[PDB]
>>> print(open('target.pdb').read())   # PDB, N, CA and C atoms
MODEL        1
ATOM      1  N   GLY A  39       0.828  -1.268   0.000
ATOM      2  CA  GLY A  39       0.000   0.000   0.000
ATOM      3  C   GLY A  39       0.836   1.280   0.000
ATOM      4  N   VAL A  40       2.147   1.125  -0.156
ATOM      5  CA  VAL A  40       3.053   2.265  -0.190
ATOM      6  C   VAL A  40       3.256   2.739  -1.615
ATOM      7  N   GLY A  41       3.391   4.043  -1.784
ATOM      8  CA  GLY A  41       3.611   4.551  -3.118
ATOM      9  C   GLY A  41       2.338   5.066  -3.737
ATOM     10  N   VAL A  42       1.314   5.224  -2.909
ATOM     11  CA  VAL A  42       0.039   5.734  -3.387
ATOM     12  C   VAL A  42      -0.491   6.779  -2.437
ATOM     13  N   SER A  43      -0.927   7.901  -2.985
ATOM     14  CA  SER A  43      -1.447   8.966  -2.153
ATOM     15  C   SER A  43      -2.660   8.428  -1.420
ATOM     16  N   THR A  44      -3.000   9.056  -0.299
ATOM     17  CA  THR A  44      -4.136   8.640   0.519
ATOM     18  C   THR A  44      -5.114   9.785   0.753
ATOM     19  N   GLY A  45      -4.874  10.904   0.074
ATOM     20  CA  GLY A  45      -5.748  12.053   0.218
ATOM     21  C   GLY A  45      -5.637  13.081  -0.889
ATOM     22  N   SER A  46      -6.450  14.115  -0.771
ATOM     23  CA  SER A  46      -6.465  15.173  -1.757
ATOM     24  C   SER A  46      -6.085  16.478  -1.069
ATOM     25  N   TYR A  47      -5.466  17.404  -1.794
ATOM     26  CA  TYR A  47      -5.121  18.696  -1.200
ATOM     27  C   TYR A  47      -6.228  19.666  -1.575
ATOM     28  N   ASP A  48      -6.679  20.469  -0.627
ATOM     29  CA  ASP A  48      -7.737  21.413  -0.939
ATOM     30  C   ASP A  48      -7.774  22.521   0.099
ATOM     31  N   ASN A  49      -7.700  23.757  -0.371
ATOM     32  CA  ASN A  49      -7.752  24.866   0.556
ATOM     33  C   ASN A  49      -8.668  25.930  -0.003
ATOM     34  N   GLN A  50      -9.795  25.485  -0.551
ATOM     35  CA  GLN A  50     -10.780  26.381  -1.157
ATOM     36  C   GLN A  50     -11.861  26.784  -0.194
ATOM     37  N   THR A  51     -12.684  27.699  -0.662
ATOM     38  CA  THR A  51     -13.786  28.188   0.122
ATOM     39  C   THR A  51     -15.017  28.298  -0.770
ATOM     40  N   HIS A  52     -16.089  27.591  -0.415
ATOM     41  CA  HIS A  52     -17.295  27.628  -1.233
ATOM     42  C   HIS A  52     -18.511  28.252  -0.584
ATOM     43  N   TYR A  53     -19.238  29.022  -1.384
ATOM     44  CA  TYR A  53     -20.441  29.664  -0.902
ATOM     45  C   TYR A  53     -21.647  29.067  -1.609
ATOM     46  N   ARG A  54     -22.658  28.703  -0.827
ATOM     47  CA  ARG A  54     -23.889  28.132  -1.355
ATOM     48  C   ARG A  54     -25.014  29.009  -0.875
ATOM     49  N   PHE A  55     -25.843  29.473  -1.798
ATOM     50  CA  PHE A  55     -26.941  30.340  -1.411
ATOM     51  C   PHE A  55     -28.267  29.656  -1.395
ATOM     52  N   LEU A  56     -28.926  29.704  -0.253
ATOM     53  CA  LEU A  56     -30.240  29.112  -0.155
ATOM     54  C   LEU A  56     -31.199  30.288  -0.255
ATOM     55  N   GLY A  57     -32.492  30.002  -0.262
ATOM     56  CA  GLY A  57     -33.448  31.083  -0.352
ATOM     57  C   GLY A  57     -33.482  31.852   0.947
ATOM     58  N   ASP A  58     -34.034  33.059   0.898
ATOM     59  CA  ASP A  58     -34.144  33.903   2.085
ATOM     60  C   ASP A  58     -32.787  34.374   2.565
ATOM     61  N   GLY A  59     -31.876  34.519   1.613
ATOM     62  CA  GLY A  59     -30.552  35.009   1.927
ATOM     63  C   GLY A  59     -29.695  34.240   2.905
ATOM     64  N   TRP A  60     -30.058  33.006   3.217
ATOM     65  CA  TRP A  60     -29.208  32.244   4.106
ATOM     66  C   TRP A  60     -28.045  31.807   3.246
ATOM     67  N   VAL A  61     -26.888  31.596   3.854
ATOM     68  CA  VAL A  61     -25.751  31.161   3.075
ATOM     69  C   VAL A  61     -24.900  30.160   3.801
ATOM     70  N   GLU A  62     -24.607  29.077   3.103
ATOM     71  CA  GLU A  62     -23.793  28.027   3.660
ATOM     72  C   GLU A  62     -22.387  28.215   3.146
ATOM     73  N   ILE A  63     -21.460  28.394   4.068
ATOM     74  CA  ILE A  63     -20.088  28.569   3.674
ATOM     75  C   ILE A  63     -19.301  27.360   4.086
ATOM     76  N   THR A  64     -18.514  26.863   3.153
ATOM     77  CA  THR A  64     -17.730  25.673   3.400
ATOM     78  C   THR A  64     -16.254  25.997   3.289
ATOM     79  N   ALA A  65     -15.568  26.030   4.417
ATOM     80  CA  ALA A  65     -14.155  26.357   4.393
ATOM     81  C   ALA A  65     -13.285  25.126   4.373
ATOM     82  N   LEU A  66     -12.446  25.024   3.353
ATOM     83  CA  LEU A  66     -11.559  23.880   3.257
ATOM     84  C   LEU A  66     -10.109  24.253   3.445
ATOM     85  N   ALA A  67      -9.394  23.480   4.254
ATOM     86  CA  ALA A  67      -7.993  23.782   4.493
ATOM     87  C   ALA A  67      -7.073  22.585   4.650
ATOM     88  N   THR A  68      -5.931  22.671   3.984
ATOM     89  CA  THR A  68      -4.933  21.622   4.052
ATOM     90  C   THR A  68      -3.597  22.249   4.385
ATOM     91  N   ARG A  69      -2.795  21.543   5.166
ATOM     92  CA  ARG A  69      -1.475  22.028   5.545
ATOM     93  C   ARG A  69      -0.536  20.833   5.636
ATOM     94  N   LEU A  70       0.746  21.083   5.410
ATOM     95  CA  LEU A  70       1.731  20.034   5.510
ATOM     96  C   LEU A  70       2.356  20.173   6.886
ATOM     97  N   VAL A  71       2.189  19.168   7.726
ATOM     98  CA  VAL A  71       2.749  19.259   9.053
ATOM     99  C   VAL A  71       4.046  18.499   9.223
ATOM    100  N   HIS A  72       4.950  19.109   9.982
ATOM    101  CA  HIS A  72       6.253  18.531  10.256
ATOM    102  C   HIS A  72       6.320  18.130  11.719
ATOM    103  N   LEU A  73       6.656  16.870  11.942
ATOM    104  CA  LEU A  73       6.737  16.365  13.293
ATOM    105  C   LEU A  73       8.112  15.831  13.652
ATOM    106  N   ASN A  74       8.593  16.269  14.811
ATOM    107  CA  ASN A  74       9.892  15.855  15.320
ATOM    108  C   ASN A  74       9.753  14.877  16.474
ATOM    109  N   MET A  75      10.824  14.137  16.710
ATOM    110  CA  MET A  75      10.876  13.175  17.792
ATOM    111  C   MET A  75      10.614  13.924  19.096
ATOM    112  N   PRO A  76       9.993  13.267  20.074
ATOM    113  CA  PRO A  76       9.726  13.958  21.337
ATOM    114  C   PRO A  76      11.036  14.153  22.073
ATOM    115  N   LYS A  77      11.187  15.286  22.752
ATOM    116  CA  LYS A  77      12.414  15.544  23.501
ATOM    117  C   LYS A  77      12.702  14.369  24.423
ATOM    118  N   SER A  78      11.683  13.948  25.164
ATOM    119  CA  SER A  78      11.818  12.828  26.080
ATOM    120  C   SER A  78      10.651  11.878  25.942
ATOM    121  N   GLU A  79      10.917  10.594  26.134
ATOM    122  CA  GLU A  79       9.873   9.587  26.039
ATOM    123  C   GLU A  79       9.082   9.559  27.334
ATOM    124  N   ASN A  80       9.303  10.535  28.210
ATOM    125  CA  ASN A  80       8.613  10.554  29.495
ATOM    126  C   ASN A  80       7.689  11.712  29.762
ATOM    127  N   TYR A  81       6.831  11.506  30.749
ATOM    128  CA  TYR A  81       5.893  12.519  31.188
ATOM    129  C   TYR A  81       6.663  13.204  32.304
ATOM    130  N   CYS A  82       6.726  14.534  32.279
ATOM    131  CA  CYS A  82       7.473  15.263  33.297
ATOM    132  C   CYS A  82       6.677  16.307  34.058
ATOM    133  N   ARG A  83       6.837  16.298  35.374
ATOM    134  CA  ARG A  83       6.174  17.280  36.207
ATOM    135  C   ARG A  83       7.212  18.364  36.399
ATOM    136  N   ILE A  84       6.948  19.533  35.846
ATOM    137  CA  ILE A  84       7.911  20.605  35.946
ATOM    138  C   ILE A  84       7.444  21.858  36.642
ATOM    139  N   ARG A  85       8.302  22.335  37.537
ATOM    140  CA  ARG A  85       8.031  23.531  38.309
ATOM    141  C   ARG A  85       8.706  24.698  37.600
ATOM    142  N   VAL A  86       8.108  25.874  37.713
ATOM    143  CA  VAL A  86       8.662  27.071  37.103
ATOM    144  C   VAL A  86       8.476  28.268  38.008
ATOM    145  N   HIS A  87       9.600  28.739  38.542
ATOM    146  CA  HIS A  87       9.643  29.878  39.453
ATOM    147  C   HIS A  87      10.622  30.927  38.923
ATOM    148  N   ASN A  88      10.110  32.130  38.672
ATOM    149  CA  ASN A  88      10.929  33.212  38.147
ATOM    150  C   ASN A  88      11.298  34.174  39.263
TER     151      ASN A  88
ATOM    152  N   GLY B  39     -67.710  57.575  -7.669
ATOM    153  CA  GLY B  39     -66.331  56.970  -7.518
ATOM    154  C   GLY B  39     -65.280  57.954  -7.004
ATOM    155  N   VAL B  40     -65.730  59.143  -6.614
ATOM    156  CA  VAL B  40     -64.835  60.165  -6.089
ATOM    157  C   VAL B  40     -64.733  60.057  -4.580
ATOM    158  N   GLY B  41     -63.552  60.332  -4.052
ATOM    159  CA  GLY B  41     -63.402  60.269  -2.618
ATOM    160  C   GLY B  41     -62.784  58.968  -2.177
ATOM    161  N   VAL B  42     -62.244  58.228  -3.137
ATOM    162  CA  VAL B  42     -61.600  56.962  -2.831
ATOM    163  C   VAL B  42     -60.288  56.855  -3.568
ATOM    164  N   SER B  43     -59.246  56.460  -2.855
ATOM    165  CA  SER B  43     -57.943  56.336  -3.473
ATOM    166  C   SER B  43     -58.049  55.290  -4.567
ATOM    167  N   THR B  44     -57.137  55.348  -5.531
ATOM    168  CA  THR B  44     -57.124  54.417  -6.655
ATOM    169  C   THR B  44     -55.780  53.711  -6.790
ATOM    170  N   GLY B  45     -54.908  53.926  -5.808
ATOM    171  CA  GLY B  45     -53.601  53.297  -5.834
ATOM    172  C   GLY B  45     -52.883  53.264  -4.501
ATOM    173  N   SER B  46     -51.704  52.670  -4.519
ATOM    174  CA  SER B  46     -50.905  52.553  -3.319
ATOM    175  C   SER B  46     -49.588  53.285  -3.545
ATOM    176  N   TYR B  47     -48.988  53.822  -2.488
ATOM    177  CA  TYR B  47     -47.697  54.494  -2.635
ATOM    178  C   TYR B  47     -46.626  53.481  -2.270
ATOM    179  N   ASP B  48     -45.561  53.415  -3.050
ATOM    180  CA  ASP B  48     -44.511  52.461  -2.741
ATOM    181  C   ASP B  48     -43.220  52.857  -3.437
ATOM    182  N   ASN B  49     -42.157  52.986  -2.658
ATOM    183  CA  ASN B  49     -40.888  53.339  -3.253
ATOM    184  C   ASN B  49     -39.806  52.474  -2.649
ATOM    185  N   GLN B  50     -40.118  51.190  -2.493
ATOM    186  CA  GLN B  50     -39.192  50.223  -1.903
ATOM    187  C   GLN B  50     -38.378  49.501  -2.938
ATOM    188  N   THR B  51     -37.438  48.727  -2.438
ATOM    189  CA  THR B  51     -36.576  47.950  -3.288
ATOM    190  C   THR B  51     -36.412  46.559  -2.687
ATOM    191  N   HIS B  52     -36.790  45.525  -3.437
ATOM    192  CA  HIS B  52     -36.685  44.167  -2.919
ATOM    193  C   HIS B  52     -35.700  43.266  -3.631
ATOM    194  N   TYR B  53     -34.989  42.476  -2.836
ATOM    195  CA  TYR B  53     -34.026  41.546  -3.382
ATOM    196  C   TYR B  53     -34.501  40.124  -3.134
ATOM    197  N   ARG B  54     -34.473  39.310  -4.183
ATOM    198  CA  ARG B  54     -34.881  37.914  -4.102
ATOM    199  C   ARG B  54     -33.709  37.093  -4.569
ATOM    200  N   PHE B  55     -33.296  36.129  -3.760
ATOM    201  CA  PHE B  55     -32.160  35.308  -4.136
ATOM    202  C   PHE B  55     -32.538  33.947  -4.618
ATOM    203  N   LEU B  56     -32.109  33.622  -5.822
ATOM    204  CA  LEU B  56     -32.384  32.307  -6.353
ATOM    205  C   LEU B  56     -31.087  31.537  -6.161
ATOM    206  N   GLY B  57     -31.096  30.260  -6.509
ATOM    207  CA  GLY B  57     -29.888  29.481  -6.350
ATOM    208  C   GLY B  57     -28.866  29.898  -7.380
ATOM    209  N   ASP B  58     -27.611  29.535  -7.139
ATOM    210  CA  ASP B  58     -26.526  29.862  -8.061
ATOM    211  C   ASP B  58     -26.251  31.350  -8.096
ATOM    212  N   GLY B  59     -26.505  31.994  -6.964
ATOM    213  CA  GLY B  59     -26.240  33.410  -6.846
ATOM    214  C   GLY B  59     -26.937  34.371  -7.780
ATOM    215  N   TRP B  60     -27.973  33.926  -8.474
ATOM    216  CA  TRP B  60     -28.682  34.857  -9.324
ATOM    217  C   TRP B  60     -29.524  35.680  -8.377
ATOM    218  N   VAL B  61     -29.830  36.912  -8.752
ATOM    219  CA  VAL B  61     -30.647  37.731  -7.887
ATOM    220  C   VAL B  61     -31.620  38.587  -8.645
ATOM    221  N   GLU B  62     -32.865  38.527  -8.207
ATOM    222  CA  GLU B  62     -33.913  39.295  -8.827
ATOM    223  C   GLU B  62     -34.133  40.531  -7.990
ATOM    224  N   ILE B  63     -33.952  41.682  -8.610
ATOM    225  CA  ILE B  63     -34.151  42.915  -7.897
ATOM    226  C   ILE B  63     -35.377  43.597  -8.429
ATOM    227  N   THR B  64     -36.215  44.033  -7.509
ATOM    228  CA  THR B  64     -37.457  44.672  -7.881
ATOM    229  C   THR B  64     -37.475  46.099  -7.372
ATOM    230  N   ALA B  65     -37.340  47.053  -8.276
ATOM    231  CA  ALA B  65     -37.322  48.442  -7.863
ATOM    232  C   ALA B  65     -38.679  49.088  -7.976
ATOM    233  N   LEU B  66     -39.170  49.609  -6.861
ATOM    234  CA  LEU B  66     -40.464  50.264  -6.875
ATOM    235  C   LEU B  66     -40.364  51.752  -6.641
ATOM    236  N   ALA B  67     -41.073  52.531  -7.449
ATOM    237  CA  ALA B  67     -41.020  53.975  -7.292
ATOM    238  C   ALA B  67     -42.317  54.720  -7.551
ATOM    239  N   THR B  68     -42.613  55.649  -6.655
ATOM    240  CA  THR B  68     -43.803  56.466  -6.775
ATOM    241  C   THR B  68     -43.407  57.919  -6.636
ATOM    242  N   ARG B  69     -44.076  58.785  -7.380
ATOM    243  CA  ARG B  69     -43.801  60.215  -7.325
ATOM    244  C   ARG B  69     -45.114  60.961  -7.518
ATOM    245  N   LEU B  70     -45.187  62.162  -6.963
ATOM    246  CA  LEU B  70     -46.368  62.975  -7.115
ATOM    247  C   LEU B  70     -46.066  63.950  -8.238
ATOM    248  N   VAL B  71     -46.808  63.862  -9.327
ATOM    249  CA  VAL B  71     -46.548  64.756 -10.431
ATOM    250  C   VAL B  71     -47.502  65.927 -10.507
ATOM    251  N   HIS B  72     -46.941  67.077 -10.867
ATOM    252  CA  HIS B  72     -47.699  68.307 -10.993
ATOM    253  C   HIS B  72     -47.780  68.694 -12.459
ATOM    254  N   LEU B  73     -49.003  68.888 -12.924
ATOM    255  CA  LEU B  73     -49.208  69.244 -14.309
ATOM    256  C   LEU B  73     -49.922  70.572 -14.487
ATOM    257  N   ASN B  74     -49.351  71.396 -15.359
ATOM    258  CA  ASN B  74     -49.902  72.708 -15.665
ATOM    259  C   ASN B  74     -50.557  72.733 -17.035
ATOM    260  N   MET B  75     -51.431  73.709 -17.218
ATOM    261  CA  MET B  75     -52.126  73.900 -18.474
ATOM    262  C   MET B  75     -51.074  74.098 -19.563
ATOM    263  N   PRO B  76     -51.362  73.664 -20.789
ATOM    264  CA  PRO B  76     -50.375  73.839 -21.856
ATOM    265  C   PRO B  76     -50.297  75.309 -22.214
ATOM    266  N   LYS B  77     -49.099  75.795 -22.525
ATOM    267  CA  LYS B  77     -48.942  77.198 -22.897
ATOM    268  C   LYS B  77     -49.923  77.541 -24.007
ATOM    269  N   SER B  78     -49.956  76.700 -25.035
ATOM    270  CA  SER B  78     -50.853  76.904 -26.159
ATOM    271  C   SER B  78     -51.552  75.617 -26.529
ATOM    272  N   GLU B  79     -52.790  75.733 -26.986
ATOM    273  CA  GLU B  79     -53.558  74.566 -27.385
ATOM    274  C   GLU B  79     -53.142  74.143 -28.783
ATOM    275  N   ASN B  80     -52.066  74.724 -29.305
ATOM    276  CA  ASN B  80     -51.628  74.403 -30.659
ATOM    277  C   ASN B  80     -50.275  73.759 -30.809
ATOM    278  N   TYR B  81     -50.082  73.167 -31.977
ATOM    279  CA  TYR B  81     -48.828  72.533 -32.330
ATOM    280  C   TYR B  81     -48.090  73.658 -33.035
ATOM    281  N   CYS B  82     -46.839  73.906 -32.652
ATOM    282  CA  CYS B  82     -46.076  74.990 -33.258
ATOM    283  C   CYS B  82     -44.751  74.580 -33.876
ATOM    284  N   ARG B  83     -44.507  75.074 -35.081
ATOM    285  CA  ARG B  83     -43.253  74.801 -35.753
ATOM    286  C   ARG B  83     -42.389  75.999 -35.427
ATOM    287  N   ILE B  84     -41.340  75.774 -34.660
ATOM    288  CA  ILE B  84     -40.492  76.875 -34.266
ATOM    289  C   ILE B  84     -39.049  76.793 -34.696
ATOM    290  N   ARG B  85     -38.575  77.914 -35.228
ATOM    291  CA  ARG B  85     -37.212  78.031 -35.703
ATOM    292  C   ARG B  85     -36.389  78.661 -34.585
ATOM    293  N   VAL B  86     -35.120  78.290 -34.515
ATOM    294  CA  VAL B  86     -34.223  78.835 -33.510
ATOM    295  C   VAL B  86     -32.847  79.067 -34.090
ATOM    296  N   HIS B  87     -32.511  80.348 -34.226
ATOM    297  CA  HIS B  87     -31.236  80.792 -34.778
ATOM    298  C   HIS B  87     -30.549  81.742 -33.795
ATOM    299  N   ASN B  88     -29.351  81.363 -33.356
ATOM    300  CA  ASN B  88     -28.599  82.166 -32.403
ATOM    301  C   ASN B  88     -27.515  82.948 -33.123
TER     302      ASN B  88
ENDMDL
END
>>> encode(input="target.pdb", output="structure tokens")
Amino acid sequence: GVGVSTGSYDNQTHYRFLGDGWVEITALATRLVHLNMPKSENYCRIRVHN
Amino acid sequence: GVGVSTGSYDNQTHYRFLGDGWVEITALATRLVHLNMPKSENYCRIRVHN
């Protein structure tokens, strides 16, 4: 299953007009996210005093 | 038949929205007109040289 896209890119905005001036707006957004390894594989309780 | 109005006054503007963003606009206008006696009861051929 590798070597094949699994989605579509779309960042458009569509307006649909119904009667009585109501309007359905459809906002579409796509972004490319970059993820890094976690600093630590642990949960940390951290205190912060300035 | 005298002493009774024969019309309605209306100077509004209405917008009707159909699908696909088409719009029907209905412009309504009323005015009170003043009419004076004709200067002459005749048809006149008039020349104008400046």
>>> atom_distance(input="target.pdb", atom1="atom CA of residue 70 of chain A", atom2="atom CA of residue 54 of chain A")
27.7 Å
>>> resolve_selection(input="target.pdb", expression="the ChimeraX specification (/A@CA @<10) & /B@CA", output="ChimeraX atom specification")
/B:53-60
>>> calpha_fit_and_write(input="target.pdb", fixed="chain B", moving="chain A", output="CSV table (one decimal) with N, CA and C atoms, keeping the file's coordinate frame")
chain,number,residue,atom,x,y,z
A,39,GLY,N,-67.7,57.6,-7.7
A,39,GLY,CA,-66.3,57.0,-7.5
A,39,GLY,C,-65.3,58.0,-7.0
A,40,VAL,N,-65.7,59.1,-6.6
A,40,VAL,CA,-64.8,60.2,-6.1
A,40,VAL,C,-64.7,60.1,-4.6
A,41,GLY,N,-63.6,60.3,-4.1
A,41,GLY,CA,-63.4,60.3,-2.6
A,41,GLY,C,-62.8,59.0,-2.2
A,42,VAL,N,-62.2,58.2,-3.1
A,42,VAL,CA,-61.6,57.0,-2.8
A,42,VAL,C,-60.3,56.9,-3.6
A,43,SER,N,-59.2,56.5,-2.9
A,43,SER,CA,-57.9,56.3,-3.5
A,43,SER,C,-58.0,55.3,-4.6
A,44,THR,N,-57.1,55.3,-5.5
A,44,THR,CA,-57.1,54.4,-6.7
A,44,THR,C,-55.8,53.7,-6.8
A,45,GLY,N,-54.9,53.9,-5.8
A,45,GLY,CA,-53.6,53.3,-5.8
A,45,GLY,C,-52.9,53.3,-4.5
A,46,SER,N,-51.7,52.7,-4.5
A,46,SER,CA,-50.9,52.6,-3.3
A,46,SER,C,-49.6,53.3,-3.5
A,47,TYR,N,-49.0,53.8,-2.5
A,47,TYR,CA,-47.7,54.5,-2.6
A,47,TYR,C,-46.6,53.5,-2.3
A,48,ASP,N,-45.6,53.4,-3.1
A,48,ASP,CA,-44.5,52.5,-2.7
A,48,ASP,C,-43.2,52.9,-3.4
A,49,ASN,N,-42.2,53.0,-2.7
A,49,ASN,CA,-40.9,53.3,-3.3
A,49,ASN,C,-39.8,52.5,-2.6
A,50,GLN,N,-40.1,51.2,-2.5
A,50,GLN,CA,-39.2,50.2,-1.9
A,50,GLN,C,-38.4,49.5,-2.9
A,51,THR,N,-37.4,48.7,-2.4
A,51,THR,CA,-36.6,48.0,-3.3
A,51,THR,C,-36.4,46.6,-2.7
A,52,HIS,N,-36.8,45.5,-3.4
A,52,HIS,CA,-36.7,44.2,-2.9
A,52,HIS,C,-35.7,43.3,-3.6
A,53,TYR,N,-35.0,42.5,-2.8
A,53,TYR,CA,-34.0,41.5,-3.4
A,53,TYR,C,-34.5,40.1,-3.1
A,54,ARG,N,-34.5,39.3,-4.2
A,54,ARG,CA,-34.9,37.9,-4.1
A,54,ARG,C,-33.7,37.1,-4.6
A,55,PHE,N,-33.3,36.1,-3.8
A,55,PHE,CA,-32.2,35.3,-4.1
A,55,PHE,C,-32.5,33.9,-4.6
A,56,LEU,N,-32.1,33.6,-5.8
A,56,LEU,CA,-32.4,32.3,-6.4
A,56,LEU,C,-31.1,31.5,-6.2
A,57,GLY,N,-31.1,30.3,-6.5
A,57,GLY,CA,-29.9,29.5,-6.4
A,57,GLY,C,-28.9,29.9,-7.4
A,58,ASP,N,-27.6,29.5,-7.1
A,58,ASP,CA,-26.5,29.9,-8.1
A,58,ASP,C,-26.3,31.4,-8.1
A,59,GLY,N,-26.5,32.0,-7.0
A,59,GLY,CA,-26.2,33.4,-6.8
A,59,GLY,C,-26.9,34.4,-7.8
A,60,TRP,N,-28.0,33.9,-8.5
A,60,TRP,CA,-28.7,34.9,-9.3
A,60,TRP,C,-29.5,35.7,-8.4
A,61,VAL,N,-29.8,36.9,-8.8
A,61,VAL,CA,-30.6,37.7,-7.9
A,61,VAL,C,-31.6,38.6,-8.6
A,62,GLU,N,-32.9,38.5,-8.2
A,62,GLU,CA,-33.9,39.3,-8.8
A,62,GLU,C,-34.1,40.5,-8.0
A,63,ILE,N,-34.0,41.7,-8.6
A,63,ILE,CA,-34.2,42.9,-7.9
A,63,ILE,C,-35.4,43.6,-8.4
A,64,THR,N,-36.2,44.0,-7.5
A,64,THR,CA,-37.5,44.7,-7.9
A,64,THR,C,-37.5,46.1,-7.4
A,65,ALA,N,-37.3,47.1,-8.3
A,65,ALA,CA,-37.3,48.4,-7.9
A,65,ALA,C,-38.7,49.1,-8.0
A,66,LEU,N,-39.2,49.6,-6.9
A,66,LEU,CA,-40.5,50.3,-6.9
A,66,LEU,C,-40.4,51.8,-6.6
A,67,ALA,N,-41.1,52.5,-7.4
A,67,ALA,CA,-41.0,54.0,-7.3
A,67,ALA,C,-42.3,54.7,-7.6
A,68,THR,N,-42.6,55.6,-6.7
A,68,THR,CA,-43.8,56.5,-6.8
A,68,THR,C,-43.4,57.9,-6.6
A,69,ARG,N,-44.1,58.8,-7.4
A,69,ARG,CA,-43.8,60.2,-7.3
A,69,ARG,C,-45.1,61.0,-7.5
A,70,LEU,N,-45.2,62.2,-7.0
A,70,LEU,CA,-46.4,63.0,-7.1
A,70,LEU,C,-46.1,63.9,-8.2
A,71,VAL,N,-46.8,63.9,-9.3
A,71,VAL,CA,-46.5,64.8,-10.4
A,71,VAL,C,-47.5,65.9,-10.5
A,72,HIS,N,-46.9,67.1,-10.9
A,72,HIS,CA,-47.7,68.3,-11.0
A,72,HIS,C,-47.8,68.7,-12.5
A,73,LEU,N,-49.0,68.9,-12.9
A,73,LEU,CA,-49.2,69.2,-14.3
A,73,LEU,C,-49.9,70.6,-14.5
A,74,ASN,N,-49.4,71.4,-15.4
A,74,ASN,CA,-49.9,72.7,-15.7
A,74,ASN,C,-50.6,72.7,-17.0
A,75,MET,N,-51.4,73.7,-17.2
A,75,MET,CA,-52.1,73.9,-18.5
A,75,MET,C,-51.1,74.1,-19.6
A,76,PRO,N,-51.4,73.7,-20.8
A,76,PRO,CA,-50.4,73.8,-21.9
A,76,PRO,C,-50.3,75.3,-22.2
A,77,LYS,N,-49.1,75.8,-22.5
A,77,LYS,CA,-48.9,77.2,-22.9
A,77,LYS,C,-49.9,77.5,-24.0
A,78,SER,N,-50.0,76.7,-25.0
A,78,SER,CA,-50.9,76.9,-26.2
A,78,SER,C,-51.6,75.6,-26.5
A,79,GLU,N,-52.8,75.7,-27.0
A,79,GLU,CA,-53.6,74.6,-27.4
A,79,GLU,C,-53.1,74.1,-28.8
A,80,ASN,N,-52.1,74.7,-29.3
A,80,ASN,CA,-51.6,74.4,-30.7
A,80,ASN,C,-50.3,73.8,-30.8
A,81,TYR,N,-50.1,73.2,-32.0
A,81,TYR,CA,-48.8,72.5,-32.3
A,81,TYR,C,-48.1,73.7,-33.0
A,82,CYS,N,-46.8,73.9,-32.7
A,82,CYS,CA,-46.1,75.0,-33.3
A,82,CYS,C,-44.8,74.6,-33.9
A,83,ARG,N,-44.5,75.1,-35.1
A,83,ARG,CA,-43.3,74.8,-35.8
A,83,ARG,C,-42.4,76.0,-35.4
A,84,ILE,N,-41.3,75.8,-34.7
A,84,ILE,CA,-40.5,76.9,-34.3
A,84,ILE,C,-39.0,76.8,-34.7
A,85,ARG,N,-38.6,77.9,-35.2
A,85,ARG,CA,-37.2,78.0,-35.7
A,85,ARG,C,-36.4,78.7,-34.6
A,86,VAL,N,-35.1,78.3,-34.5
A,86,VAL,CA,-34.2,78.8,-33.5
A,86,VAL,C,-32.8,79.1,-34.1
A,87,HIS,N,-32.5,80.3,-34.2
A,87,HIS,CA,-31.2,80.8,-34.8
A,87,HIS,C,-30.5,81.7,-33.8
A,88,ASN,N,-29.4,81.4,-33.4
A,88,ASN,CA,-28.6,82.2,-32.4
A,88,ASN,C,-27.5,82.9,-33.1
>>> select_by_dssp(input="target.pdb", residues="chain B", states="strand (DSSP E or B)", output="number ranges by chain")
B: 51-55, 61-65
>>> residues_around(input="target.pdb", residues="residue 47 of chain A", least_positions_apart="5", cutoff="8 Å", atoms="only N, CA and C atoms", output="ChimeraX atom specification")
/A:66-69
>>> residues_around(input="target.pdb", residues="residue 65 of chain A", least_positions_apart="4", cutoff="8 Å", atoms="only N, CA and C atoms", output="number ranges by chain")
A: 48-53
>>> axis_aligned_box(input="target.pdb", around="segment 70-86 of chain A", padding_each_side="5 Å", output="JSON")
{"center_x": 6.7, "center_y": 18.9, "center_z": 21.9, "size_x": 22.0, "size_y": 28.7, "size_z": 42.9}
>>> atom_distance(input="target.pdb", atom1="atom CA of residue 72 of chain A", atom2="atom N of residue 84 of chain A")
25.6 Å
>>> decode(input="target.pdb", residues="segment 64-72 of chain B", atoms="N, CA and C atoms", output="CSV table (one decimal), in the first residue's frame")
chain,number,residue,atom,x,y,z
B,64,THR,N,-36.2,44.0,-7.5
B,64,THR,CA,-37.5,44.7,-7.9
B,64,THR,C,-37.5,46.1,-7.4
B,65,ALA,N,-37.3,47.1,-8.3
B,65,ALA,CA,-37.3,48.4,-7.9
B,65,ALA,C,-38.7,49.1,-8.0
B,66,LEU,N,-39.2,49.6,-6.9
B,66,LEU,CA,-40.5,50.3,-6.9
B,66,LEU,C,-40.4,51.8,-6.6
B,67,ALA,N,-41.1,52.5,-7.4
B,67,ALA,CA,-41.0,54.0,-7.3
B,67,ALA,C,-42.3,54.7,-7.6
B,68,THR,N,-42.6,55.6,-6.7
B,68,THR,CA,-43.8,56.5,-6.8
B,68,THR,C,-43.4,57.9,-6.6
B,69,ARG,N,-44.1,58.8,-7.4
B,69,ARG,CA,-43.8,60.2,-7.3
B,69,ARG,C,-45.1,61.0,-7.5
B,70,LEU,N,-45.2,62.2,-7.0
B,70,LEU,CA,-46.4,63.0,-7.1
B,70,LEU,C,-46.1,63.9,-8.2
B,71,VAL,N,-46.8,63.9,-9.3
B,71,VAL,CA,-46.5,64.8,-10.4
B,71,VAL,C,-47.5,65.9,-10.5
B,72,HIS,N,-46.9,67.1,-10.9
B,72,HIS,CA,-47.7,68.3,-11.0
B,72,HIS,C,-47.8,68.7,-12.5
